[PDB]
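> First, the structure itself, so that you have it in front of you.
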Amino acid sequence: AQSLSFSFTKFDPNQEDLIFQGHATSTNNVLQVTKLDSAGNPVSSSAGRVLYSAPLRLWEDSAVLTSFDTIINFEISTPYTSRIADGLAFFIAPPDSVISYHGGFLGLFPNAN
Amino acid sequence: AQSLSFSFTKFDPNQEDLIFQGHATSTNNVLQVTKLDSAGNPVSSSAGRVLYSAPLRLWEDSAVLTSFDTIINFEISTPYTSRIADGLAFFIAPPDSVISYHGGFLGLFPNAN
Amino acid sequence: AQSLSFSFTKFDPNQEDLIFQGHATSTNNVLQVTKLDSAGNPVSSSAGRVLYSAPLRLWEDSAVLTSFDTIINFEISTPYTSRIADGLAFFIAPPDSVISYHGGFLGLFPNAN
Amino acid sequence: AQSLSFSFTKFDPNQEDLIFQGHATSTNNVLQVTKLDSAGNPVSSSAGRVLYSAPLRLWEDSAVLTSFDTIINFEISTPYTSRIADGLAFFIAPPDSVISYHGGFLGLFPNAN
Amino acid sequence: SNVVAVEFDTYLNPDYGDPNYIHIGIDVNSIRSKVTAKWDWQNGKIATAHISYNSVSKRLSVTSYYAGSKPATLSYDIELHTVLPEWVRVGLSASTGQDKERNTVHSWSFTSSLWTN
Amino acid sequence: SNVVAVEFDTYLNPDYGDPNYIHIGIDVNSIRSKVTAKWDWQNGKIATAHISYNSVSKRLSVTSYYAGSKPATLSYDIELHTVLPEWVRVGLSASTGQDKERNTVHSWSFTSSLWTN
Amino acid sequence: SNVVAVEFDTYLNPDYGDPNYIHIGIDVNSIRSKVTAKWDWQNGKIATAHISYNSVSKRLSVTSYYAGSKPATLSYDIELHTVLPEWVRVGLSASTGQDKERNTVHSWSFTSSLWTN
Amino acid sequence: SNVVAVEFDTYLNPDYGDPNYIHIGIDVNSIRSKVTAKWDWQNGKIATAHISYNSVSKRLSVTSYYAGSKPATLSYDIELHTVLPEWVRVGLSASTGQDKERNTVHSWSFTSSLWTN
Ligand SMILES: OC[C@H]1O[C@H](O)[C@@H](O)[C@@H](O)[C@@H]1O
Ligand SMILES: OC[C@H]1O[C@H](O)[C@@H](O)[C@@H](O)[C@@H]1O
Ligand SMILES: OC[C@H]1O[C@H](O)[C@@H](O)[C@@H](O)[C@@H]1O
Ligand SMILES: OC[C@H]1O[C@H](O)[C@@H](O)[C@@H](O)[C@@H]1O
Ligand SMILES: [Ca+2]
Ligand SMILES: [Ca+2]
Ligand SMILES: [Ca+2]
Ligand SMILES: [Ca+2]
Ligand SMILES: [Mn+2]
Ligand SMILES: [Mn+2]
Ligand SMILES: [Mn+2]
Ligand SMILES: [Mn+2]
């Protein structure tokens, strides 16, 4: 009935086929989902999200098999010596989903229920 | 750098991953890019267009090979005995493209230059 | 490290890219893994197997994810009114594997251990 | 009717799914289509060929579109300072094809007609 | 109006350039087809069309058959990136006027690749 | 005899382990199915089956439907690489004995991926 | 808040449920992970993660390695379509608070299939 | 000797037809290239080449770059099925003679499709 497949190997500055929420951006061909110090150092209280433009069908009444595979290459680094926070996540949410609170929330949830 | 591939084999009524312009719609699992008589007969002066949700990168400064392949199954039929009009087209246009005049224009162009 | 993908939608008479064992053959674009009456009726005590030419890597010392998906369209039919036998199977076996006993064995195993 | 797709990103020592002809071999995860000095230096008068195990359908009576795309990453290097010879080639030949003369022949042809 | 389209034309418009017969055409920025080929339309049956492009062979090609009959082929040399921008959306479009016809699509499959340096 | 097979069994052989009904089974090194599920065979019509494996979810799964009816599902946890060697060939097999049935295959599609470190 | 996420957690929040160590988690509608596994993070290097789902094996699985070291694996059984709606968008998300870390993504590849009757 | 090959030639053999410079060539049944283009070889670095064919655009094309420099392109019109049989095997071949060079291959990726009626 439906099939969708997409691949990214560099991240163009003007990525018309991605949706950007929060301090998420892209430079030097990578995705900076978290705000950055004009010197290239991580900042505090930042939340960034990226969503693939197109919606995706996950299920349908008369349908019986749905499958998805995704591979991600990400780098969590810190120049500092303090503890590192917070998280990196791959998520699937209703199309109109919007970024939530930061911290140990990963811009995914508002509270802790 | 980038790759996009999608497949449709039925057309769901609520095709969240398609953009609809004009009298284009979908029922009985097919795409009716042209308005229809409540009895199932073709009407006059109709224009319908469908666009894949996601934008597509066609070219880039430091890039050297771009290729696309698409297969389409369409049916042009008429119950009547008069001449049939007008056209069916596969097109690639800037993302914000909007439907144009009908007739032998195929909702693609405004004039005839 | 490795990826293999193949698709068949018709079965040519001379399928150079398949290995044939037993009464397995092909005509009218389909795969007849079981012998047939010159009138087109199923026969008794028949065993047929087909193997994709190329070997397939299933695992490797420093490797961590192996996955395969296959879809099959098959038809088990009988013109007669007696009970139908025996079985249809999709199998993965060492490359030099050879057809075994028929019956409820499915040309897969010799005994019943 | 048919589709075949395969990918290699490393070359295992025992590549059961490749056919080897000539001094072609594999070590350190790469394909050495040309013989090598036990010190890792190129030798003279060498011919090596590799063929994908499975046969490939290129055409058929009632068939109308055949397409293939292949990407290759190869390295032609020489430690010496003399002129480098001879050639690297991607070829498609009948299944039973066997390696030919070396030199500027690229193990592809016997004479120069 | 910017666009590149491959068209299966059922109604002839000589004032628009259409040759005198059901044709399939490749259009670049204008309904005035750059190249055209005779297409044997068939009421009721369904058609399959493949369209392919390659920035290197600088060629765009179309082949359309009807299951059982001979296909129709058209090729035009272009360097798409001189005609269209860097970002595009792909679509199917159909229309009518004084005269009608049913414009229906059954399965549609599209795949694209871009390679950089 | 080494092999892993998913079977659609039409003839019951209680002495071989077959439960009392047309079933689909997952077999590891023996015709004595490790797990089995009721399959509603249908003479004349054609069946579609998907079989999937994943070294991480250590699960092998089958689903088979008949276009119009409810599907049949069976899952068994394995770590294939402990049962089979590093190099394998994939095949379809069918057989008969005192009793017959037509064993025909229409399209077959297979894709595989392996990832190293 | 509706969502299903796989997370690579660097900061521990016991009040939020986080066990006492850098972990990767599968979350269904809450930051309170349903299942969790120890992940050996590594500053500066880049990580590769594969996430896979199958409506039949009703299993969602993750494996993440670091090129050279041992991977980390986590699996949770779900029937995604009971938790999420019929239409979804897929994304990557990263955050910080009193404490920081660089959240960067290098290549991302995703493919999905759905089959009906 | 039957074969179609795309070649990256490092040693010139004027008696064999090779123009006077490192070139890439398309060959049909003979080492005597039908068409040829200047290729800027580079010792030590690795090269990426894409070769594509289409029975409709009756064109075979090659593009080879070196990561950082300008690519090299060659196209030749053929109808492969008039030159080669219905069944073929695809391969990579390299050779030397009085003079040497290391012939090594790193990843190789190939995909093919055929469509009937
Ligand atoms: O019906 C087809 C025909 O109808 C009218 O004459 C106009 O709208 C034309 O542009 C169109 O080609
Ligand atoms: O016909 C089916 C049945 O026939 C015979 O009894 C034997 O060959 C059995 O193994 C087989 O199951
Ligand atoms: O810096 C990490 C930490 O910072 C603060 O304490 C809060 O924002 C927490 O939610 C978060 O986990
Ligand atoms: O070394 C390259 C050169 O060596 C010899 O002269 C012969 O084998 C030639 O065919 C070849 O081109
Ligand atoms: Ca946390
Ligand atoms: Ca017209
Ligand atoms: Ca049995
Ligand atoms: Ca030469
Ligand atoms: Mn026209
Ligand atoms: Mn059984
Ligand atoms: Mn957590
Ligand atoms: Mn030459």
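Naming works like this for the structure tokens: A, B, ... for the chains as they're shown, residue 1 at the start of each chain, ligands 1 onward in shown order.
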Could you list, as a PDB file with C-alpha atoms, in the first residue's frame, all the residues within 12 Å of ligand 11, counting only C-alpha atoms and all ligand atoms?


```pdb
ATOM      1  CA  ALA A  85      23.671  16.528  29.850  1.00  0.00           C
ATOM      2  CA  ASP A  86      21.232  15.718  28.709  1.00  0.00           C
ATOM      3  CA  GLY A  87      20.014  13.351  26.028  1.00  0.00           C
ATOM      4  CA  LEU A  88      19.680  12.408  22.374  1.00  0.00           C
ATOM      5  CA  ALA A  89      16.528  10.749  21.131  1.00  0.00           C
ATOM      6  CA  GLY A 103      16.669  19.070  30.581  1.00  0.00           C
ATOM      7  CA  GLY A 104      16.241  15.367  31.241  1.00  0.00           C
ATOM      8  CA  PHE A 105      13.041  15.729  29.275  1.00  0.00           C
ATOM      9  CA  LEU A 106      14.727  15.683  25.862  1.00  0.00           C
ATOM     10  CA  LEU A 108       9.871  15.188  24.358  1.00  0.00           C
ATOM     11  CA  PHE A 109       7.674  15.470  27.438  1.00  0.00           C
ATOM     12  CA  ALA A 112       7.269  13.298  34.443  1.00  0.00           C
TER      13      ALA A 112
ATOM     14  CA  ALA G   5      11.143   7.426  21.662  1.00  0.00           C
ATOM     15  CA  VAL G   6      14.432   5.611  21.980  1.00  0.00           C
ATOM     16  CA  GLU G   7      16.825   7.638  24.064  1.00  0.00           C
ATOM     17  CA  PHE G   8      20.498   7.778  24.777  1.00  0.00           C
ATOM     18  CA  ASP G   9      20.592   9.380  28.201  1.00  0.00           C
ATOM     19  CA  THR G  10      23.729  10.981  29.539  1.00  0.00           C
ATOM     20  CA  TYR G  11      22.391  12.705  32.679  1.00  0.00           C
ATOM     21  CA  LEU G  12      20.727  10.663  35.429  1.00  0.00           C
ATOM     22  CA  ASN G  13      17.460  11.838  36.941  1.00  0.00           C
ATOM     23  CA  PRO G  14      16.421   9.279  39.611  1.00  0.00           C
ATOM     24  CA  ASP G  15      13.325  11.346  40.327  1.00  0.00           C
ATOM     25  CA  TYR G  16      12.493  10.809  36.644  1.00  0.00           C
ATOM     26  CA  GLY G  17      13.263   7.090  36.892  1.00  0.00           C
ATOM     27  CA  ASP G  18      16.681   7.020  35.241  1.00  0.00           C
ATOM     28  CA  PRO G  19      18.723   4.134  36.660  1.00  0.00           C
ATOM     29  CA  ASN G  20      22.158   5.025  38.037  1.00  0.00           C
ATOM     30  CA  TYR G  21      24.230   5.010  34.826  1.00  0.00           C
ATOM     31  CA  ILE G  22      24.500   6.252  31.239  1.00  0.00           C
ATOM     32  CA  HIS G  23      21.705   4.320  29.572  1.00  0.00           C
ATOM     33  CA  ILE G  24      19.673   3.932  26.391  1.00  0.00           C
ATOM     34  CA  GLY G  25      15.925   3.660  26.839  1.00  0.00           C
ATOM     35  CA  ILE G  26      12.661   2.865  25.095  1.00  0.00           C
ATOM     36  CA  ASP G  27       9.862   5.221  26.107  1.00  0.00           C
ATOM     37  CA  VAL G  28       6.160   4.994  25.547  1.00  0.00           C
ATOM     38  CA  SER G  30       6.539   8.997  29.259  1.00  0.00           C
ATOM     39  CA  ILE G  31      10.102   9.940  30.123  1.00  0.00           C
ATOM     40  CA  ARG G  32       9.740   7.085  32.606  1.00  0.00           C
ATOM     41  CA  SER G  33      11.457   4.413  30.468  1.00  0.00           C
ATOM     42  CA  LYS G  34       9.640   1.066  30.207  1.00  0.00           C
ATOM     43  CA  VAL G  35      12.916  -0.801  29.742  1.00  0.00           C
ATOM     44  CA  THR G  36      16.496   0.311  30.015  1.00  0.00           C
ATOM     45  CA  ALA G  37      20.006  -0.950  29.256  1.00  0.00           C
ATOM     46  CA  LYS G  38      23.545   0.200  30.118  1.00  0.00           C
ATOM     47  CA  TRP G  39      25.128   2.238  27.326  1.00  0.00           C
TER      48      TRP G  39
END
```

> Write out as a tab-separated table a residue-level contact list of chain H versus chain D with cut-off 6 Å: for each qualifying residue the closest pair of atoms and the distance in Å to one decimal, counting only C-alpha atoms, rows sorted by chain and residue number upward.


```
residue	atom	partner	partner_atom	distance
H:3	CA	D:93	CA	4.6
H:4	CA	D:92	CA	5.5
H:5	CA	D:91	CA	4.0
H:6	CA	D:90	CA	5.4
H:7	CA	D:89	CA	4.3
H:8	CA	D:88	CA	5.3
H:9	CA	D:87	CA	4.6
H:10	CA	D:86	CA	5.4
H:11	CA	D:85	CA	4.9
H:43	CA	D:77	CA	4.6
H:44	CA	D:77	CA	5.0
H:46	CA	D:75	CA	4.5
H:47	CA	D:73	CA	5.3
H:48	CA	D:73	CA	4.5
H:49	CA	D:72	CA	5.2
H:50	CA	D:71	CA	4.4
H:51	CA	D:70	CA	5.6
H:52	CA	D:69	CA	4.5
H:53	CA	D:67	CA	5.3
H:54	CA	D:67	CA	4.7
H:55	CA	D:66	CA	5.3
H:86	CA	D:59	CA	5.0
H:87	CA	D:57	CA	4.9
H:88	CA	D:94	CA	4.5
H:89	CA	D:95	CA	4.8
H:90	CA	D:92	CA	4.6
H:91	CA	D:51	CA	4.2
H:92	CA	D:90	CA	4.4
H:93	CA	D:49	CA	4.4
H:94	CA	D:88	CA	4.4
H:95	CA	D:47	CA	4.4
H:96	CA	D:86	CA	4.7
H:97	CA	D:45	CA	3.9
H:98	CA	D:44	CA	5.6
H:99	CA	D:85	CA	5.1
H:100	CA	D:85	CA	4.9
H:101	CA	D:78	CA	5.0
H:102	CA	D:77	CA	5.1
H:103	CA	D:76	CA	5.4
H:104	CA	D:32	CA	4.7
H:105	CA	D:74	CA	4.2
H:106	CA	D:73	CA	5.2
H:107	CA	D:9	CA	4.2
H:108	CA	D:72	CA	4.6
H:109	CA	D:7	CA	4.3
H:110	CA	D:70	CA	4.0
H:111	CA	D:5	CA	3.9
H:112	CA	D:68	CA	4.2
H:113	CA	D:3	CA	4.5
H:114	CA	D:66	CA	4.3
H:115	CA	D:65	CA	5.4
H:116	CA	D:63	CA	3.6
H:117	CA	D:62	CA	5.5
```

> Write out the coordinates of chain G as a compact mmCIF listing (two decimals) with C-alpha atoms, in the first residue's frame after a least-squares overlay onto chain F built on all ordered Cα pairs.


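For reference, superposed.txt as written:
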```txt
# COMPACT_ATOMS: atom_id res chain seq x y z
CA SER G 1 20.61 -32.63 8.21
CA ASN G 2 21.09 -28.87 8.78
CA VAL G 3 18.35 -26.38 7.88
CA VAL G 4 15.83 -23.84 9.11
CA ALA G 5 12.51 -23.78 7.32
CA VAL G 6 9.09 -22.23 7.56
CA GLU G 7 6.49 -24.64 6.30
CA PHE G 8 2.91 -24.58 5.18
CA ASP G 9 1.79 -28.13 5.87
CA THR G 10 -1.27 -29.58 4.23
CA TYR G 11 -0.96 -33.26 5.23
CA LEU G 12 -0.90 -34.25 8.91
CA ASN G 13 1.69 -36.73 10.15
CA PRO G 14 1.13 -37.20 13.92
CA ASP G 15 4.02 -39.65 14.00
CA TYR G 16 6.10 -36.75 12.66
CA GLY G 17 4.64 -34.36 15.23
CA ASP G 18 2.17 -32.47 13.04
CA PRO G 19 -0.75 -31.25 15.16
CA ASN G 20 -4.22 -32.22 13.95
CA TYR G 21 -4.85 -29.47 11.37
CA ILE G 22 -3.48 -27.60 8.35
CA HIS G 23 -0.66 -25.62 9.92
CA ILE G 24 2.34 -23.41 9.22
CA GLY G 25 5.50 -24.24 11.12
CA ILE G 26 8.98 -23.04 11.99
CA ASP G 27 11.55 -25.84 11.91
CA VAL G 28 15.07 -25.96 13.19
CA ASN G 29 17.07 -28.99 12.11
CA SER G 30 14.02 -31.23 12.18
CA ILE G 31 10.63 -31.83 10.59
CA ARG G 32 9.48 -31.85 14.21
CA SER G 33 8.27 -28.22 14.32
CA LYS G 34 9.41 -26.17 17.33
CA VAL G 35 6.29 -24.01 17.18
CA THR G 36 3.15 -24.28 15.13
CA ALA G 37 0.04 -22.26 14.28
CA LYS G 38 -3.28 -22.99 12.55
CA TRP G 39 -3.26 -21.98 8.88
CA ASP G 40 -6.51 -21.79 6.90
CA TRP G 41 -5.42 -23.14 3.49
CA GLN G 42 -7.56 -22.34 0.45
CA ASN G 43 -7.61 -24.36 -2.79
CA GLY G 44 -7.26 -22.35 -5.99
CA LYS G 45 -6.55 -18.95 -4.43
CA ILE G 46 -2.97 -17.66 -3.96
CA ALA G 47 -1.21 -16.93 -0.74
CA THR G 48 1.19 -14.26 0.32
CA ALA G 49 3.62 -14.87 3.13
CA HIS G 50 6.22 -12.61 4.70
CA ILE G 51 9.03 -14.00 6.76
CA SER G 52 11.36 -11.76 8.69
CA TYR G 53 14.42 -12.22 10.86
CA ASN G 54 16.46 -9.95 13.09
CA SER G 55 19.65 -10.98 14.92
CA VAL G 56 18.91 -8.42 17.61
CA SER G 57 15.27 -9.04 18.42
CA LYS G 58 16.42 -12.67 18.15
CA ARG G 59 13.05 -13.32 16.56
CA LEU G 60 11.91 -14.99 13.35
CA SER G 61 8.38 -14.23 12.24
CA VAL G 62 5.83 -15.33 9.68
CA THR G 63 2.52 -13.90 8.56
CA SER G 64 0.49 -15.38 5.74
CA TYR G 65 -2.80 -14.12 4.37
CA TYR G 66 -5.12 -14.98 1.51
CA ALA G 67 -6.42 -11.69 0.21
CA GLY G 68 -9.76 -11.08 1.86
CA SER G 69 -9.45 -13.29 4.93
CA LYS G 70 -7.65 -13.06 8.26
CA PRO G 71 -3.91 -13.80 8.34
CA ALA G 72 -2.02 -16.41 10.31
CA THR G 73 0.95 -15.53 12.49
CA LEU G 74 3.80 -17.45 14.02
CA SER G 75 6.94 -16.26 15.84
CA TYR G 76 9.87 -18.15 17.30
CA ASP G 77 12.92 -16.82 19.09
CA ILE G 78 16.24 -17.94 17.60
CA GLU G 79 19.77 -16.77 17.12
CA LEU G 80 20.10 -18.19 13.62
CA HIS G 81 23.91 -18.04 13.66
CA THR G 82 24.07 -20.81 16.26
CA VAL G 83 22.00 -23.14 14.12
CA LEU G 84 23.32 -22.33 10.64
CA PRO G 85 26.81 -21.67 9.26
CA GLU G 86 28.17 -18.36 8.03
CA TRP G 87 27.27 -19.02 4.41
CA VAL G 88 23.84 -20.07 3.29
CA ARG G 89 21.71 -20.28 0.19
CA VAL G 90 17.96 -19.57 0.34
CA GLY G 91 15.29 -21.72 -1.23
CA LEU G 92 11.71 -22.80 -1.66
CA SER G 93 10.80 -26.50 -1.39
CA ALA G 94 7.65 -28.55 -1.98
CA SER G 95 6.78 -32.27 -1.89
CA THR G 96 4.14 -34.98 -2.21
CA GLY G 97 3.76 -38.68 -1.48
CA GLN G 98 0.85 -41.12 -1.62
CA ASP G 99 -1.29 -38.00 -1.81
CA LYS G 100 -0.91 -35.08 -4.20
CA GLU G 101 -1.38 -31.30 -4.50
CA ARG G 102 -0.09 -28.71 -6.96
CA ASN G 103 2.94 -26.83 -5.65
CA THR G 104 3.33 -23.61 -7.60
CA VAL G 105 5.11 -20.36 -6.88
CA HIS G 106 4.24 -17.01 -8.36
CA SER G 107 6.38 -14.07 -7.44
CA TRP G 108 9.08 -14.43 -4.80
CA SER G 109 10.98 -11.47 -3.35
CA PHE G 110 13.93 -11.59 -0.92
CA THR G 111 16.26 -9.00 0.58
CA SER G 112 19.03 -9.34 3.15
CA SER G 113 21.43 -7.13 5.09
CA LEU G 114 24.40 -7.81 7.35
CA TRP G 115 26.30 -5.24 9.38
CA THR G 116 29.75 -5.52 10.88
CA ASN G 117 32.16 -3.62 13.12
```

> Go ahead and compute the interatomic distance for CA of residue 16 in chain D and CA of residue 38 in chain D, in Å to one decimal.

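Taking CA of residue 16 in chain D and CA of residue 38 in chain D, their separation equals 24.3 Å.
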
> To test your reading of the structure, identify every residue in range 11-91 of chain F that backbone DSSP assigns to strand (DSSP E or B), and report it as a PyMOL selection string.

chain F and resi 23-28+35-38+47-54+59-65+72-77+87-91

> Which distance in Å separates atom 2 (C, counted along the ligand's line) of ligand 2 and CA of residue 39 in chain C, to one decimal?

21.5 Å
